[PDB]
Structures are given as C-alpha cells and as structure tokens.
Amino acid sequence: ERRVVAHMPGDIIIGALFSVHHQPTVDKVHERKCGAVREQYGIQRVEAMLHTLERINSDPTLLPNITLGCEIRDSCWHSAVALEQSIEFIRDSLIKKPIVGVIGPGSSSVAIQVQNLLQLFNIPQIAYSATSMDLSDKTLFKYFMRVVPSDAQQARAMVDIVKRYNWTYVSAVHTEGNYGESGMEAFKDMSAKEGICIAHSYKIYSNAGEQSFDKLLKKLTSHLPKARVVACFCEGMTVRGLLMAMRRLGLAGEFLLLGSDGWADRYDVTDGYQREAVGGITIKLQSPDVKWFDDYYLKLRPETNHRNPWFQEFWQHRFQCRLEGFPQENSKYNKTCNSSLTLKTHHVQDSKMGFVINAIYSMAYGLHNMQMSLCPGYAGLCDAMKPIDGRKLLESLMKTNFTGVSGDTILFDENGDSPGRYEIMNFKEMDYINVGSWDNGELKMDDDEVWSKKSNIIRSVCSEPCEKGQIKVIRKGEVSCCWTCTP
Amino acid sequence: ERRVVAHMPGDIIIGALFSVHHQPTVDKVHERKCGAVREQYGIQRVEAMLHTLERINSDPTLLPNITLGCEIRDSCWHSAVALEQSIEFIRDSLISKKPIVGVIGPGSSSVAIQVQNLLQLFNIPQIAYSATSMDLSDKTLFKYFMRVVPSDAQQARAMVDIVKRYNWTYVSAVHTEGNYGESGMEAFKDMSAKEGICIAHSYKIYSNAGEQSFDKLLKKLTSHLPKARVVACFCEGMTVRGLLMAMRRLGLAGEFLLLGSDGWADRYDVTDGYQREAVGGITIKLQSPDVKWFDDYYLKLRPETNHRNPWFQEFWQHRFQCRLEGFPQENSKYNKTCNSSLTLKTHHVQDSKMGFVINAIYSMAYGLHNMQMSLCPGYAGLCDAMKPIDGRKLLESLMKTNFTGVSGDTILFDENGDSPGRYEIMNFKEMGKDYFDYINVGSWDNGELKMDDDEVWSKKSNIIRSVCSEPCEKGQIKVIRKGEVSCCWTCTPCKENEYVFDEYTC
Ligand SMILES: *[C@@H]1O[C@H](CO)[C@@H](O)[C@H](O)[C@H]1NC(C)=O
Ligand SMILES: *[C@@H]1O[C@H](CO)[C@@H](O)[C@H](O)[C@H]1NC(C)=O
Ligand SMILES: *[C@@H]1O[C@H](CO)[C@@H](O)[C@H](O)[C@H]1NC(C)=O
Ligand SMILES: *[C@@H]1O[C@H](CO)[C@@H](O)[C@H](O)[C@H]1NC(C)=O
Ligand SMILES: *[C@@H]1O[C@H](CO)[C@@H](O)[C@H](O)[C@H]1NC(C)=O
Ligand SMILES: *[C@@H]1O[C@H](CO)[C@@H](O)[C@H](O)[C@H]1NC(C)=O
Ligand SMILES: [Mg+2]
C-alpha cells in the first residue's frame, strides 16, 4: 500500500518498471500486496538504472546540456501491479515532468500488458528480458523495442547447429508454455524448410513427476536406432529431471541433449548427475559482467544510499539483521546489522545486467538523436523538443544504432528486435566449456574440440543413402527422411 | 528574352523569385539582360526550393495526399526583371493552367517592395527570406507581405538593449546613409531616448567616398573623445572597413568602441589585415545555422543528372571554369574541359540565409496545410472549398501560422507580418598568437538578452564607461541644462541658504 518510487530529477524523465519485489501470493492478487524483496531483478537493476543515468549525464558527447531523470516503480513481476504503476506513469504525464519512455518490465506477458497500455498513449517501451516472439509483431505492439533476441533467433541457432553437423532425423522435446510452443514451432518450420526431419513434438512439464519423465524417456527411446539427438527447448530443471530419468532408466549417454538457454552453463542442473550430463551442447546468451556496475553497487551502504527506498529493506533482508536506528528498521530480526557488513560478501551480478544498461543507453541515444534532428544547432532542448513527441521518439528509436556496454554494435530491425549473439557450450569431462559462437546467422565453432575425430561425430539419420546399384528412393509414407531402397 | 523557368509539378504550385543571375548592366536595364550566374543567391536557393518541396511532399503529417509544385523564376536582383516574372505569375494565375498560389522572395528589400506592390493587386501572399527593411512592416501598404527574418528595427532594439545593459548613457552614432542607415538610426534614436540614453552626434557616411571623408568623420567622432567612447554603428560591411582604415591612418588605435551592425557581424573581409584596430568591437550577427540535409542533397548534384534546374549546366561550367563537352548548354570560350572527378564539395560554402529560404517555403506549406485542415475538415486532399484557393483565405491562415522552423525556431508572424529577432553577439578579441577571431558572447531572443559579461571584459573595472557628466554630489546638485544636450550638465554648489528641492534645481 502507498507504494514508493525511486525517482531522480532531470530535464527529461524516463520511466522504469523493475521487479523489486516478488509477485503477490495467489490470495492477494485482487489486493496487490507484493512479496519479499528481490536482489538481482530488483535492487541491482534499480541501482543500475540510477548509476547509468548518472554516467550518461556525466558524458558530454551523449546529451550535452540536458539532464536525464527517471522514475523507478515496482512492477512486482505481476501484470496487475505493473499495470497499476504504468497507469501512474500515464497520469503523471498529466500535461509534473511527464514520463517520456518506460524501461522493462521483466516478464514477457507483463511486457505484453504494459505495452498494450502504453501504446494507447504513444509511450515507447524498451525491454531487457522480454523475449517471446509474440512481441515481434509491430502492428499489434507498435511502440515495443528490446535489446534481447527473440526466442525465434535461438531456435534458428539450434536449426543451423543441427544443419552444420548433418543431423537429418532428430527428436524434439520442449517444456510446454509460451516459450516451449514458440521455440518448438519455429524450430519445426526452420528445420523442415532446411531439410531436417522431426520424430514428432514431445511436450513435458517441469512439475510432472519422476514417472512421467521416465515415460517420456521411453517414448524418446522408441526411436533409439535412427535418431539420437534430442533438440531440447526446455526450462532449467526440466533438463535436470530428464538427466534424473537417464540415471533411473539407466540410459547413460545414449542420447545427445541439445540444450536451450534454460540450461546454458547453470551448474545446478548437472551437479551430482554430471555422469549423464557429459556430451550435451547448450546455447548460452553472451552476457559479460559490467565491471563499473559492480564497482558502484558493491560500495553502496544503507547509511548513505537514501535515493533507493528499498535499499534499507534489502539490506535488512539480505543480511537477515536489524538496521538499528534507521527509519525502515524492521523487527522480527534477531541479529543486528554489523558495521563490517559489505555487499561484496558473496556477490553475484544480475544475469541480464548488461541488457538493462544497454536498454537505458538505447533510450538515451534515441533521445539524443531526436535532439540532434529536431534541434540542429541547439545544445539542450529547443522548442521542437518541448514537448517530446512519442511518435517522433519512436521513429528515432527504431533507427537507433550504437555500440553497447560490452562492445556489441546493437541496433534494432524493422520489427524492433535485436540480433542474436549466443555462445555454444559443451559439457565435457575435464564443466561447461566454450566451443563456438552464433552472431545473427554467422555460426563459427571449434569442430575438433566437441569431437575428438570426424568419426566420433554422432550420426542422426533415419535411412542410409541407397546403394549406387539399388538407388530408387521411395517414400515409405510416414517421414520424408525414411525411404526404401528398391531396384 | 525567352527566359527559362525551373518548374516542378504538383496539385498546388508555389511561385518563387530567386536571384539566379546578377543584375543587368546600367546599359541593358531597359533591355533586361541579366549578368553572370550566382552560386549562393542563385543555384543553391533554387535547389533549396526544389528539394524542400520534395521533402515536404514526403512528409505525411504536413499536407497529406497533396503534391506541392513550384515555378522558380529568375529575379536577377533587379526590380524590372522581378516585375516581368511576377507578371508571368499573375497572368498564368488569371488564365486558370495551374495558378500561382504564393510567391517566395525576392531577395532585395526594394525589389521585394515592388514585387509586393504587384502581387497584392491580385491577392497573392508573398513571403520574404531576406527582405528586412522596416518599410515593409506597414501592413496597410503591404497587406500580403510576410517574412521569416526580423526587421531592422529589431536589430536597432538589440543595440539599444546592449547599450542599456552596460550603463552607456552618452554614445555617438554613425550610419551608412541609405534606406537602411536612416531607418536603423532613427529607430535607435527613438528607443535610446525613451530608455534614457543620449546621442553625441549622428554622422552619415557613404560607402564609395573615403580616404579623406573617413578621416574627417573620424575627427568629428574624436571631437567627443573624453565623454563618449561607444559609437553605435548602423553601417554597411565596407563602411566599417573604411572606418578601420581611418583608425589606422589617423593613428586612433583602440580609442573608440564600435558597436557593429549586421553589415559587419563576423564578416572577415572588413577586418582582415586591419585586425589591429578591429579588436574590441561588439557586433550583432544573425543566428543562421547550417542546414545539414541541404548540403547532403546539394553536394551530390551532377549536371549529368540534374536536368530540372536549367541553369545548372551554366553554373557547372562557370564555377569550375571548364567546358561541359557533349552537353546541350555547352559553352565555348572555356579553355579547359570539365573533369568527371569534379565535385561540388570542393570549397563548398552554404548560402548565408539558407535556413530562412527553407523556413519561408515551410511557412507557405504550413499555411496551405492549415487552410486545408480548416476548409476541408474530414477530407485528406483538396475539397471544393480549396478549389480554387482563395488568396484572402490563404493570407488569413498564413498570418496565424505558428510552426517549428528547420533549426528548432518557433517561427511565427506578428500582426505586422514580421518575425521575432534571434541574434547572437560577437566580440573581436585577440585569441593568442596573431589569431584574431569573432567569438560568441551572448544572444538576443526578441527582447531576452543573455550575455557572458566576464568574457567581453576581464573584470568589472575594465568595462569602458561612456558618460557625459558624472553624477552630482548628493548635497549640492544644481544640475544645469546647458541648452544643447539633454544629459550633459555641470555640477554646481547649491546656494547655502537655498534648499535642495529635487535632483535638478534648488
Ligand atoms: C552547457 O554545457 C557546457 C559544456 O558543454 C557548460 O560549460 C555550460 O555551463 C552549460 N550551460 C548550461 C546553461 O547548461
Ligand atoms: C552504425 O553507425 C556507425 C557509426 O557509428 C556506422 O559506421 C555504421 O555504418 C552504422 N550501421 C548501420 C547498420 O546503420
Ligand atoms: C493518400 O495517399 C496514400 C499513399 O501515401 C494512399 O494509399 C491513399 O489511398 C491516399 N488517400 C486518398 C484518400 O486518396
Ligand atoms: C549599472 O548601474 C547599476 C546601478 O545604477 C548597477 O547596479 C549595475 O550593476 C550597472 N551595470 C553594469 C553593467 O555596470
Ligand atoms: C581529373 O582529375 C584527376 C584527379 O583530380 C586528375 O588526376 C586528372 O588528371 C584529371 N583529368 C584531366 C583530364 O584533367
Ligand atoms: C503559436 O500559435 C498560436 C496560434 O493559434 C498562438 O496562439 C500562440 O501564441 C503561438 N505561440 C506563441 C509562443 O506565441
Ligand atoms: Mg549528458
């Protein structure tokens, strides 16, 4: 109740919807009472927003004589609360200091709802983790950009990997959802057009159980001789459940798991089942650590950081102590916060931190190019920039081309989507180790590191090529890659 | 004469009078045979017209589903030829094909006066891009005249507020006699006198005499050396250079402060090689940024491709002093032949008032758009109320027009069809090893005068004082009206038995 907002003043104010708290319980959905505080998706991304705007105001090349402000609201990873705060943006325009554009939110569905709201008022929205290829349609989501690649780009990466190693007959398993269905149908179309055959579409949920995973493993073994590669558009723990199935049913290394981004180099899926895990090839989303972010965030102190209102709550929650003498001091904590406490103690940077920073820079560069166009000779905001036109800002943001925080030359296509830049990992008995890269179609790889020799490359084919004497290829009737050699 | 016209088709056609050629020789004024081609005032402004109409037709927000055409005629900077071409405008208007809705230009203020006197007879709105003379401010006499440039009176107001800001009560005045000197000087006199500033004397000097008259006038200016030191200069370009040559000759090196006009704003040919006496002067420059997209268009042009501009072959041959072999408009008497490597980027200088030409074209376009939005509310193109366009209605729309210019300016016209003044103040300072340069010191935006006080002067003591009489002691004031000047008094002791009635008499 009476939600707080971390807002920074400036000549231009950019809205931000971060997931500071967890989504409310099933009970309080009609009440909108968020859960515990979130470290990575919350406080870290809020501080990223704040310090990135500070660093952008510091830069004299980008937006000179203009101050960038923000208004950071808690989305709580739930469509309803995000809609509440987006409505607060829409009314807070009212025309103090209207919101030019919104950053986020996290979830793709929550992003869809926030976009359906914002496009009604011509407010450009840039996402940092919304990947579902439903948002690629710009007739339905006119003002939606994103610095992350769609799920279709990842399915394209898997298609070209299966292509490169001449795997014509492959099985398919996906975690059913708005990600499984999407990635799997994109993979099906792309593979079928490239000349690859699928056994059929297998869907397994993560919370099925330790018997449905075994039934699905047997349904996958029902194609044991011909197919050996299982294209896996799967969540994180779905791969661990299938590795537990490989342990149970004793299929140790009888199949090749082409892992998705859910299982990229995340140890918690393999550890203690590393036996069956060896051999798998996984797609990881290339995300380097933003050094200067860590340098800023790890120095923070609740004694000093007052602009982030959730930082006192976060300090008490992370260290399970009580910030004695502070305004947001909470009881029910037995221990008291020691002055030695530091954020460096077991610090893990946010998964997609680089993408949050890149989206903030995307908004900043769009505003800067709009100022350079509308106000040619002016340094700050001339009368064409007062007020900023949402339509014109969108026009500029669609054209935006800049070099990201990690060296990426990030730019948006006609559909407001960003190019895919993944790195391929192989789980080898030495750990996930890098084996190649995928840059928007350009697939380079270390062929003689995933396999020792050219003979070791597992073959996945339904029917062997017909004899030079006995050539006549005849379609059996069930699959296109299964023929009968007749005279 | 069979003059050629650069015309572009459209649903609405806008006339334009640009100065493609020089004005005819004194002999051929009754013959109307124009001179050499002009790069900046000519070809550049013609291409500006054409490409600006292209870019406006590209915009779906401004005039959607309507095509803007034009008819670009050579005014030759001479009243007679401009009247000829304006007559062709008004007659193919009367005949209907494709009447001329409005005219852009011309350049000269006198030629603008004549063209306006012609056009207003047929209710054709005219927008000027360089006609500044404040004679055109009267709308009872020039009912259909707009202009995106400020009047000369706005510039005199800028000088008045500059003299005001630095407490310069007693200043001398010099102007180049003409339709600009007289105007600016009388406006300055009225404004200064109302603000509380006195004039030492108003000297008028012509640009063509000199080397004796400049020295006599410099001596007449020195006849007030101690009291007055600031000389408000409503002067042409080379008049300031003549006065700097006088300062060189008579050895008055930095004995006076020259408050320069737009004739000498950052115009180097006035200072160069006399930069010694030029240092210190404060000049008003008309803020004109470079139109990037214009250059991007113009510098790519090629006579092999550009056929819509008929003068482009002549211009290509003249600028590069070569011969366009194999072309229809190929001219002899050129010894060299045109190389295929030749580019317009070679020593390119954008037109002085290019932004204003583009802003005038946009003014006409936005006026037409607002007229279409009013007459035809739901319609996209031209309904029957827009067929035909009423000159009176178009004028009504253009007077109310308010839009954001090419450079971010909020261009709008007042009740007198004049635009707000947006000037920038320059100071000629010695910047290091023999590097003399005009440097920005502040801005004047229709009354709002911002400035960098501690950059034109190092300290508050360095600010030159220009005052006739020092303030009288508070006890014994008795300021005496001599009878000749309004603010030049003599401080006298008030009679011991008399009382201090006011600050003027006892
Ligand atoms: C504008 O920016 C310059 C640096 O580029 C700075 O020196 C100046 O103080 C700024 N002025 C305003 C009014 O922001
Ligand atoms: C992106 O911008 C750079 C300049 O920083 C330019 O060289 C490059 O061609 C641009 N690329 C695209 C695709 O616009
Ligand atoms: C206006 O022009 C567009 C093309 O830009 C065309 O599709 C549309 O049909 C036109 N509208 C009318 C009413 O003619
Ligand atoms: C002008 O005089 C007033 C006092 O009448 C003073 O306050 C002001 O600073 C002066 N301005 C300048 C530029 O000297
Ligand atoms: C054309 O230009 C090139 C480069 O400027 C020059 O080397 C060449 O000699 C020129 N050709 C003629 C015929 O002058
Ligand atoms: C802009 O134009 C409108 C015409 O409707 C006028 O009322 C308004 O005063 C103009 N803006 C300014 C700042 O004068
Ligand atoms: Mg900045």
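Q: Could you give me a rundown of helix α4 (residues 152-165) of chain B, with the residues and numbers involved?
A: Residue and element names in this part refer to chain B. If you check α4, its first and last C-alpha atoms are 20 Å apart, about what 14 residues at 1.5 Å a residue would give, namely 20 Å. Among the 14 residues that make up α4, eleven are buried, leaving the element largely enclosed by the rest of the structure. Turning to α4, its buried residues number three or more, namely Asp152, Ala153, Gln154, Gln155, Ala156, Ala158, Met159, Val160, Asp161, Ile162 and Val163. Within two residues after α4, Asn167 carries a phi angle of roughly 50°, on the positive side.

Q: Hey, could you go over the environment of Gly242 of chain B for me, with residue numbers and the actual values?
A: Residues and elements named next belong to chain B. Along the chain, the position of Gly242 falls in helix α7 (residues 237-249). Between the C-alpha atoms of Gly242 and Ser261, which are 19 residues apart in sequence, the distance is 15 Å. Not counting residues up to four positions away in its chain, the partners in contact with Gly242 are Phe214 and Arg249.

Q: Tell me about the packing of aromatic side chains, and name the residues and values.
A: Aromatic rings considered in pairs are described by the distance between their centres and by the relative angle of their planes. All told, the structure shown has 27 aromatic pairs over all chains when counted by the stated rule. Geometrically, the ring pair formed by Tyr365 of chain A and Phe402 of chain A is stacked, given 4.7 Å between the ring centres and 15° between the ring planes. With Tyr365 of chain A in helix α11 (residues 353-374) and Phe402 of chain A in strand β12 (residues 401-403), the pair connects residues that are 37 residues apart, well separated along the chain. Judged by its relative accessible area of 26%, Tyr365 of chain A falls in the partly exposed class. Relative to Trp316 of chain B, the ring of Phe312 of chain B lies with its centre 5.7 Å away and its plane at 40°, an arrangement referred to as tilted. One end of the pair is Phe312 of chain B and the other is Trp316 of chain B, both in helix α11 (residues 312-319) and four residues apart, which spans about a single turn. Across the pair, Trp316 of chain B and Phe312 of chain B agree in class, each one buried. Cluster of aromatic residues (ring-pair linked, three or more members): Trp263, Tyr267, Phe427 and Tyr432 of chain A.

Q: Tell me about the nonpolar core, and please be specific about residues and values.
A: One finds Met49, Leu68, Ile72, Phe187 and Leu367 of chain A to be the most contacted residues of the largest nonpolar core, which totals 97 residues. Ranked by residue count, the leading element in this core is α11 of chain A, at twelve residues. One finds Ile197, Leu301, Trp311 and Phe312 of chain B within the second-largest nonpolar core, a separate group that totals 95 residues.

Q: Tell me about the interface of chain A and chain B, and name the residues and values.
A: Each partner contributes residues to the interface: chain A has six residues there, and chain B has six residues. For the pair chain A and chain B, the summed buried area comes to about 470 Å², and 50% of that belongs to carbon and sulfur atoms. Linking chain A to chain B there are two residue pairs in polar contact. Split into classes, the residues belonging to the side of chain A that touches chain B amount to five nonpolar, no polar and one charged.

Q: Give a description of the sheet that holds strand β7 (residues 169-175) of chain A that names residues and reports values.
A: Residue and element names in this part refer to chain A. As summarised here, the arrangement of the eight strands in space is β8-β7-β9-β10-β11-β14-β15-β16, forming an open sheet in which the pairing is mixed. Strand pairing shows two members of the sheet lacking a second neighbour, β8 (197-204) and β16 (442-445), which therefore form its edges. Strand-to-strand twist in this sheet, taken as the mean axis angle between neighbours without regard to direction, amounts to 25°. As defined by bridge partners, strand β14 (residues 421-427) adjoins strand β15 (residues 432-439) across seven bridges and the pair is classed as antiparallel. Residue pairing across strands places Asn426 opposite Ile433, the latter belonging to β15.

Q: Mind laying out the UniProt feature "binding site: L-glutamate" in chain A, listing which residues take part and the relevant values?
A: Residues and elements named next belong to chain A. According to UniProt, the "binding site: L-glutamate" feature falls on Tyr41, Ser108, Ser129, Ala130, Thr131, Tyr179, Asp261 and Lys352. Residue position: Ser129 is located in the loop between β5 (125-127) and β6 (144-146). Since its relative accessible area comes to 15%, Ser129 is described here as buried. Each residue touching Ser129, except ones within four places of it in the same chain, is listed here: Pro105, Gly106, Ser107, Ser108, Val148 and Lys352. Polar contacts involving the side chain of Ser129 include one to the main-chain carbonyl oxygen of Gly106, which spans 2.7 Å. Mapped onto the secondary structure, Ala130 falls in the loop between β5 and β6.

Q: Go over the environment of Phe436 of chain B, please, and point to the residues and values.
A: Residues and elements named next belong to chain B. With respect to the helices, strands and loops of the structure, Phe436 is situated in strand β15 (residues 436-445). Sequence-wise, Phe436 and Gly105 are 331 residues apart; in three dimensions their C-alpha atoms are separated by 36 Å. Residues within four places of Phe436 in sequence aside, it is in contact with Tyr268, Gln275, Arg276, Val279, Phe428, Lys429 and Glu430.

Q: Describe helix α2 (residues 79-93) of chain A, with residues and values.
A: For an α-helix, the turn length of 3.6 residues means that residues three or four places apart are oriented alike. Residues and elements named next belong to chain A. If you check α2, its first and last C-alpha atoms are 21 Å apart, about what 15 residues at 1.5 Å a residue would give, namely 21 Å. Tucked inside the fold, the buried residues of α2 contact β2 (12-18), β3 (68-74), β4 (99-103) and α3 (108-118). Among the residues trailing α2, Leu94 stands out with phi positive, at a value near 65°.

Q: I'd like a description of the UniProt feature "disulfide bond" in chain A, backed by residues and values.
A: Residue and element names in this part refer to chain A. Look at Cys232 and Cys234: UniProt pairs them in a disulfide, and at 2.0 Å between sulfurs the bond is present in this structure. Note on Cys234: relative accessible area 1%, which makes it buried. With an S-S distance of 2.0 Å, the disulfide that UniProt assigns to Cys321 and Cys337 is formed in this structure. Note that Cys321 is positioned in the loop between α10 (311-318) and α11 and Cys337 in the loop between α10 and α11, a separation of 16 residues in sequence. For the residue pair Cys321 and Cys337, the accessibility class agrees, reading buried in each case.

Q: So, the state of the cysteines: which residues are in play, and what are the values?
A: Evaluation of the coordinates by the stated rule reveals 15 disulfides over all chains. The side chain of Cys34 of chain A participates in a disulfide bridge whose partner is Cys76 of chain A; the two sulfur atoms lie 2.0 Å from each other. Negative torsions about the S-S bond denote left-handed disulfides, and the value of about 105° found for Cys34 of chain A with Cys76 of chain A makes this one right-handed. Placement of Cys34 of chain A in the loop between β2 and α1 (39-58) and of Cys76 of chain A in the loop between β3 and α2 is noted, with a sequence separation of 42 residues between them. Residue class for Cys76 of chain A comes out buried when judged on its relative accessible area of 0%. With its sulfur 2.0 Å from that of its partner, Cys376 of chain B forms a disulfide with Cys383 of chain B. Around the S-S axis, the bridge from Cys376 of chain B to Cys383 of chain B shows a dihedral of about -85° and counts as left-handed. Just as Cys376 of chain B is buried, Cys383 of chain B falls in that class too. No disulfide involves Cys70 of chain A; its sulfur sits 17 Å from the nearest other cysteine sulfur, which is in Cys76 of chain A.

Q: Describe the UniProt feature "disulfide bond" in chain B, listing the residues and the values that go with them.
A: Residue and element names in this part refer to chain B. Here the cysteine sulfurs of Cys34 and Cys76 are separated by 2.0 Å, meaning the disulfide UniProt annotates for them is intact. You can see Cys34 sitting in the loop between β2 (12-18) and α1 (39-58) and its partner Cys76 sitting in the loop between β3 (68-74) and α2 (79-95), a full 42 residues away along the chain. Structure remark: disulfide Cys322/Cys338 (UniProt) confirmed, S-S 2.0 Å. Of this pair, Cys322 sits in the loop between α11 and α12 (354-375) while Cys338 is found in the loop between α11 and α12, placing the two residues 16 residues apart along the sequence.

Q: Would you mind going over the environment of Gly391 of chain B in detail, with residue names and values included?
A: All names here are of chain B. Note that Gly391 resides in helix α13 (residues 391-400). Exposure remark for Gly391: the relative accessible area of 12% places this residue in the buried category. C-alpha separation for the pair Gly391 and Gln120, spaced 271 residues apart in sequence, amounts to 9.5 Å. If we skip the residues at most four places from it in the chain, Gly391 touches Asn123, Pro125 and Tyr144.

Q: Can you lay out the pattern of salt bridges for me, pointing to particular residues and giving the numbers?
A: For the coordinates displayed, the defined rule picks out 39 salt bridges over all chains. In this structure, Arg248 of chain B engages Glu277 of chain B in a salt bridge whose closest nitrogen and oxygen atoms are separated by 2.7 Å. Taken as a pair, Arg248 of chain B in helix α7 and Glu277 of chain B in helix α9 (residues 275-278) lie far apart in primary sequence, 29 residues in all. The class of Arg248 of chain B is partly exposed, set by a relative accessible area of 37%. Here the residues in one salt-bridge network are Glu210, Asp214 and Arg248 of chain A, joined through shared partners.

Basis of the calculations
- Residues numbered from 1 in each chain as written, not as in the entry; some residues may be left out.
- Chains lettered and ligands numbered in written order.
- Heavy atoms only, no water.
- Residues with missing side-chain atoms left out of burial classes, pairs and counts.
- Helix = DSSP H or I, 4+ residues; strand = E, 2+ residues; numbered from the N terminus.
- Expected span 1.5 Å × (residues − 1).
- Buried < 20%, exposed > 50% of the residue type's maximum accessible area, 1.4 Å probe, protein only.
- Contact = heavy atoms within 4.5 Å.
- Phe/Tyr/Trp six-rings, centres within 6.5 Å; stacked < 30°, edge-to-face > 60°.
- Core = buried A, V, L, I, M, F, W, Y, C linked by side-chain atoms within 4.5 Å.
- Buried area = accessible area lost by both parts, 1.4 Å probe.
- Polar contact = N/O pair within 3.5 Å; in protein donor to acceptor, adjacent residues only side chain to side chain.
- Nonpolar A, V, L, I, M, F, W, Y, C, P; charged D, E, K, R; others polar.
- Pairing = 2+ DSSP bridges.
- Axes fitted to C-alpha atoms, helices over the stretch in contact; angles between N-to-C directions.
- UniProt positions renumbered as here; feature names shortened; annotations may be inferred.
- Disulfide = S-S within 2.5 Å.
- Salt bridge = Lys/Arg side-chain N within 4 Å of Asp/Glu carboxyl O.

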